[PDB]
Amino acid sequence: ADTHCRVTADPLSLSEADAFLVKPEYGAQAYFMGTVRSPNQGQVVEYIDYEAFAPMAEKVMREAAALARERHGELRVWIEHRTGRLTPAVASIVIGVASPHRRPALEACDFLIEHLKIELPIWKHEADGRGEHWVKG
Amino acid sequence: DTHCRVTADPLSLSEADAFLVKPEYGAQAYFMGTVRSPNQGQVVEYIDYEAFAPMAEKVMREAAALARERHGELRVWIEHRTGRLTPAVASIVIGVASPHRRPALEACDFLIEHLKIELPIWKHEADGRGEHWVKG
């Protein structure tokens with residue numbers, strides 16, 4: 001009830017995250033959104049194919065949320081990752097954290113994005129003109 | 001590349017997102033501050049926010065320029081709301097888009113801490129302890 005962790009093919013929405021996180025007792029919400037970038041360090045990309053097994057990815061998310069709470073205290077946590085072929089400027093991940101005060105929310109969001117970049121079992125194939133290749137990045 | 005506004009109308013995350021997202025900016029970081037109840041152990045009925053709108057928007061644009069000095073290329077969105085705001089209503093929204101994630105996250109964090117100090121915005125929380133306006 002204080003945590004939302006979902007892997008989905010549907011578009012990710014900040015407004016849905018906001019609808020879940022904001023409560024009168026939580027004066028602060030901090031977000032991160034990752035979207036597909038069109039010149040990736042001097043390379044032109046037209047799509048990225050994301051793969052995730054929802055049960056294993058969501059179990060990682062819920063463990064991430066509990067680690068964030070261990071470090072930063074009371075939180076509401078929103079984590080979603082999108083699957084499928086994603087065109088540029090389309091969101092692949094949304095992370096949102098609400099807390100009584102701003103500094104815990106900012107730190108918890110920061111922790112989650114760095115933690116999930118390491119621990120999330122996501123596999124992706126980028127369209128660089130260099131064939132199909134699936135990487136755990 | 002920069003949007004800075006003081007308004008009495010509701011603040012919108014989805015409006016910030018519409019302004020920020022561009023194909024070359026793969027990362028966006030946001031902060032929203034909402035009216036908190038209870039606060040310091042007492043129920044808050046509302047917070048009256050008052051701002052010198054032209055002065056405050058100039059501070060916002062200088063803050064966005066300082067953010068770029070430290071973190072490079074950015075799209076920056078800053079809005080602050082004025083008037084009588086009830087619990088869970090947003091008083092400030094900050095959004096930053098950058099090519100990569102570290103500058104977006106740290107620039108957003110920089111902006112909220114910077115603006116907490118420099119914004120000419122005065123508030124009065126109605127927490128039942130009389131009138132008391134604070135630069136907070």
# chains A, B, ... in the order shown; residues from 1 in each chain; ligands from 1
$ select_by_dssp --residues "range 13-128 of chain A" --states "strand (DSSP E or B)" --output "PyMOL selection string"
chain A and resi 28-35+39+44+48-51+76-82+84-86+91-99+123-126
$ interface_residues --of "chain B" --to "chain A" --cutoff "8 Å" --atoms "only C-alpha atoms" --output "ChimeraX atom specification"
/B:13-14,21-39,87-88,99,101,105,109
$ write_last_selection --atoms "C-alpha atoms" --output "PDB file, in the first residue's frame"
ATOM      1  CA  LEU B  13       4.339  17.747 -13.184  1.00  0.00           C
ATOM      2  CA  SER B  14       2.928  16.703 -16.546  1.00  0.00           C
ATOM      3  CA  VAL B  21      11.598  15.919 -22.670  1.00  0.00           C
ATOM      4  CA  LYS B  22      13.701  16.017 -25.851  1.00  0.00           C
ATOM      5  CA  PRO B  23      15.241  13.061 -27.719  1.00  0.00           C
ATOM      6  CA  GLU B  24      18.803  14.133 -26.864  1.00  0.00           C
ATOM      7  CA  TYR B  25      18.048  14.376 -23.106  1.00  0.00           C
ATOM      8  CA  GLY B  26      17.857  10.835 -21.773  1.00  0.00           C
ATOM      9  CA  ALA B  27      17.395  11.823 -18.128  1.00  0.00           C
ATOM     10  CA  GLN B  28      14.946  13.966 -16.176  1.00  0.00           C
ATOM     11  CA  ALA B  29      14.933  14.682 -12.449  1.00  0.00           C
ATOM     12  CA  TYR B  30      12.078  16.340 -10.574  1.00  0.00           C
ATOM     13  CA  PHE B  31      11.308  17.720  -7.161  1.00  0.00           C
ATOM     14  CA  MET B  32       7.880  18.709  -5.866  1.00  0.00           C
ATOM     15  CA  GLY B  33       7.221  20.381  -2.517  1.00  0.00           C
ATOM     16  CA  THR B  34       3.678  20.061  -1.167  1.00  0.00           C
ATOM     17  CA  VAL B  35       1.994  21.549   1.893  1.00  0.00           C
ATOM     18  CA  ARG B  36       2.661  19.187   4.794  1.00  0.00           C
ATOM     19  CA  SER B  37       0.173  18.357   7.552  1.00  0.00           C
ATOM     20  CA  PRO B  38       0.867  17.666  10.298  1.00  0.00           C
ATOM     21  CA  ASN B  39       4.064  19.734  10.649  1.00  0.00           C
ATOM     22  CA  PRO B  87      -2.304  20.153   2.501  1.00  0.00           C
ATOM     23  CA  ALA B  88      -0.909  18.034  -0.360  1.00  0.00           C
ATOM     24  CA  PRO B  99      21.890  14.106 -21.681  1.00  0.00           C
ATOM     25  CA  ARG B 101      21.446  11.010 -15.379  1.00  0.00           C
ATOM     26  CA  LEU B 105      19.797  14.481 -10.515  1.00  0.00           C
ATOM     27  CA  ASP B 109      19.100  18.761  -5.998  1.00  0.00           C
TER      28      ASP B 109
END
$ closest_residue --among "B:16, B:117, B:53, B:65" --to "residue 81 in chain B" --atoms "only C-alpha atoms"
B:53
$ atom_distance --atom1 "CA of residue 74 in chain A" --atom2 "CA of residue 20 in chain A"
15.3 Å
$ residues_around --residues "residue 10 in chain B" --least-positions-apart "5" --cutoff "9 Å" --atoms "only C-alpha atoms" --output "list in words"
residues 81, 89, 90 and 91 of chain B
$ write_last_selection --atoms "N, CA and C atoms" --output "PDB file, in the first residue's frame"
ATOM      1  N   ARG B  81       4.238  28.407  -6.580  1.00  0.00           N
ATOM      2  CA  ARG B  81       2.861  28.852  -6.460  1.00  0.00           C
ATOM      3  C   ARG B  81       2.718  29.843  -5.308  1.00  0.00           C
ATOM      4  N   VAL B  89      -1.070  20.169  -1.578  1.00  0.00           N
ATOM      5  CA  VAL B  89      -1.059  21.023  -2.760  1.00  0.00           C
ATOM      6  C   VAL B  89       0.373  21.478  -3.008  1.00  0.00           C
ATOM      7  N   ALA B  90       0.816  21.392  -4.261  1.00  0.00           N
ATOM      8  CA  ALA B  90       2.204  21.694  -4.592  1.00  0.00           C
ATOM      9  C   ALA B  90       2.477  23.191  -4.523  1.00  0.00           C
ATOM     10  N   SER B  91       3.548  23.557  -3.820  1.00  0.00           N
ATOM     11  CA  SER B  91       4.003  24.933  -3.808  1.00  0.00           C
ATOM     12  C   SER B  91       5.200  25.169  -4.708  1.00  0.00           C
TER      13      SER B  91
END
$ residues_around --residues "range 124-136 of chain A" --least-positions-apart "6" --cutoff "10 Å" --atoms "only C-alpha atoms" --output "list in words"
residues 36, 40, 43, 44, 45, 46, 47, 48, 49, 50, 51, 52, 83, 84, 85, 86, 117 and 118 of chain A
